[PDB]
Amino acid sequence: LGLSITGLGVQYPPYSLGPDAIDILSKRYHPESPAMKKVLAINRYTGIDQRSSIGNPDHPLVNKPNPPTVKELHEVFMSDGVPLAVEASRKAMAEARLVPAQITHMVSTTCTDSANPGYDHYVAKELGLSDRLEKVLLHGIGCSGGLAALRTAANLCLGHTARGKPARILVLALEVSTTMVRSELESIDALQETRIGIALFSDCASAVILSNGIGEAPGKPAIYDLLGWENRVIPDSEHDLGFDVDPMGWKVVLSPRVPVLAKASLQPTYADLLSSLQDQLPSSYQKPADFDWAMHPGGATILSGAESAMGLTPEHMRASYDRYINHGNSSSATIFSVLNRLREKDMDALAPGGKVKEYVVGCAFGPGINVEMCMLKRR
């Protein structure tokens, strides 16, 4: 296919929210209640030590008399989120050794903003990208956005391949979720329902460059080759996972079914992915445990579910754990963060049986429920 990830860049904001962040904010704005106590308890065994954030608990946006409106959220997405996306993109392009003029397409995602022009316009402008740049800003997909953006970029790359044209696509994910803490606290308190969103979600921007190989800097270096992909929707699961627009931003929808639905999907999706390329893979790469797994860490049970269903050790998803524990779930931006971390020396040291794998399965789930899987060859 001639598709390769030639650069990756990741930019977390400077700040880290410990588990007491929600304790502080909850006590500041709400009375003690049974539902809040439950959430505060769950918060303590998510497996997350620190959640990356654009601010600390005293940030002015989350310390108003009321939760910030979706307009006030947008202002901070633009002031504090967009610079992360710009830096992540710069880092990706620098590793890919590309200048702004070489970028042919941009595929961007977020579920934590709505705007016209979209945030991708402002990132592209700051980077000095072409006024003829072809842009796609994806919506509606939440956590799966990273791999969906990548797959979309793959298709777009091949569209240029068809015409014999070089394609270098900036694939970008930016999420700012921590600013919706007051919204979630209000819902917990008012509805007396256990809403665990505030215990999981964090802020990040991440980016990769996907090249179609045409007119490449020959002998062309890459970090990963993109060999294949599978995408699927689980029927009658709309109500199980969601993010509903609201005057206070977006409200998390999350049912008890999600862990089982996610886990049960791995086997058939994996089988479908491998059948579409079994003659391309060596016999040393046949069963799940043969691969390194770049899983989107939606929650602790997603990782433990993958371990159980696919016969993997935690070290098979070492980069997923590393991002999850130290930064939390950054929705669509997490997966490129995982892929970036996986190829680092300190992750190599933790490979199952001291065996760093040449092939990597990427996996993510989001609202739909949408399932995304990709197959990468690590250089």
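We number the residues from 1 along the sequence you see.
The deposited model assigns a higher average Cα B-factor to 22-30 than to the other stretch when 330-338 and 22-30 are compared. Two stretches are in play, 191-199 and 134-142, and the higher mean C-alpha B-factor belongs to 191-199. Considering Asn43, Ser53, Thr69, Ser320 together, the PDB entry gives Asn43 the largest C-alpha B factor. The PDB entry assigns the greatest CA B-factor among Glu175, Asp272, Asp244, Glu87 to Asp272. Among the modelled residues of its chain, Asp290 has a C-alpha B-factor that falls in the middle third according to the deposited record. Among all modelled residues in this chain, the alpha-carbon of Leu376 has a temperature factor (C-alpha) in the middle third. When the modelled residues of the chain are ordered by C-alpha B-factor, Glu230 sits in the middle third. Among the modelled residues of its chain, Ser237 has a C-alpha B-factor that falls in the middle third, as given in the PDB entry. The PDB entry assigns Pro256 a C-alpha temperature factor belonging to the middle third of its chain's modelled residues.
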